[PDB]
């Protein structure tokens, strides 16, 4: 269990960013690691087999605004990025989840197109294949996996921001709606802790949110927990050693550098570190420290 870092890839501040930086909760340190080959905001991160993957996003720069179909793989042992097979379609404001060593890419936008499509990557074959689409088009969608089921939470369908959520059952290649959240959320941080899916922050169409709610997959209810100290949309999120970490985002005024940590036993959030610069729209995941 020792030696794991929280990696943050990409993001946005004035333009899309190429940063890869890693935080060590055990000593408070940050490391700046190899830049992404292509800057991207609105991407997702995940880990399979000790390797960090950056999926989708958009490169917003002074010279263009290009949605990404890319999958790139970072090896901590070499501090190098390598390209992998690209997805069927560009997906900005994507969500991803991992089931049994496979990466699921969910939703996202391509220009004015709001995807319901979903595709699955096989690392051993370096291949993507489309699976059943969601029941709803969703960009800015939060995705997480619990008990080998994939959840897609909130987002924006092209007309309305959403409180709805749905679950993918892989053995039936089928999506079904679940109970909707209490709050409309696009750009929330979504993760899994114990037997619940958490949705933290986001934008409800009017304001960035500090509220946090969790879906108990047995009882099918959403319950609010303690709110974050900061309102935040387009935040990064991960779980590490039984606590939720939220990174950056936008509070309606500032691109935040603060990182907050949720302790479920006390139902409290605390500020634990600051990123090296404020940013939103990052991808976050946990893996071993680099060489």
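Numbering follows the first chain given and starts at 1.
Chemist: Comparing average C-alpha B factors as deposited, tell me which of 77-85 and 174-182 sits higher.
Modeler: If you average the C-alpha B-factors of 77-85 and of 174-182, the larger mean comes out for 77-85.
Chemist: Where do the C-alpha atoms have the higher mean temperature factor in this entry, in 279-287 or in 264-272?
Modeler: So the stretch with the higher mean C-alpha B-factor is 264-272.
Chemist: Could you check 42, 227, 248, 50 and tell me which one carries the biggest Cα B-factor in the deposited entry?
Modeler: 50 has the highest C-alpha B-factor of those listed.
Chemist: Please work out which residue in 119, 166, 213, 220 has the highest C-alpha B-factor recorded for this crystal structure.
Modeler: When the deposited C-alpha B-factors of 119, 166, 213, 220 are compared, 220 is largest.
Chemist: By its CA B factor, does residue 243 count among the lowest, middle or highest third of the modelled residues in the chain?
Modeler: CA B-factor rank for residue 243: middle third.
Chemist: Can you tell me which third, lowest, middle or highest, the CA B-factor of residue 92 falls into for its chain?
Modeler: Ranked within chain, residue 92 CA B lands in the lowest tercile.
Chemist: Lowest, middle or highest third: which one holds residue 115 when the chain's residues are ordered by CA B-factor from the entry?
Modeler: As the PDB entry reports it, the C-alpha B-factor of residue 115 lands in the lowest third of its chain.
Chemist: Where does the C-alpha B-factor of residue 139 rank in its chain, lowest, middle or highest third?
Modeler: According to the entry, residue 139 has a C-alpha B-factor in the chain's lowest third.
Chemist: Going by what the PDB entry lists, where does residue 63 fall on CA B-factor within its chain: lowest, middle or highest third?
Modeler: Residue 63: CA B-factor falls in the highest third of its chain.
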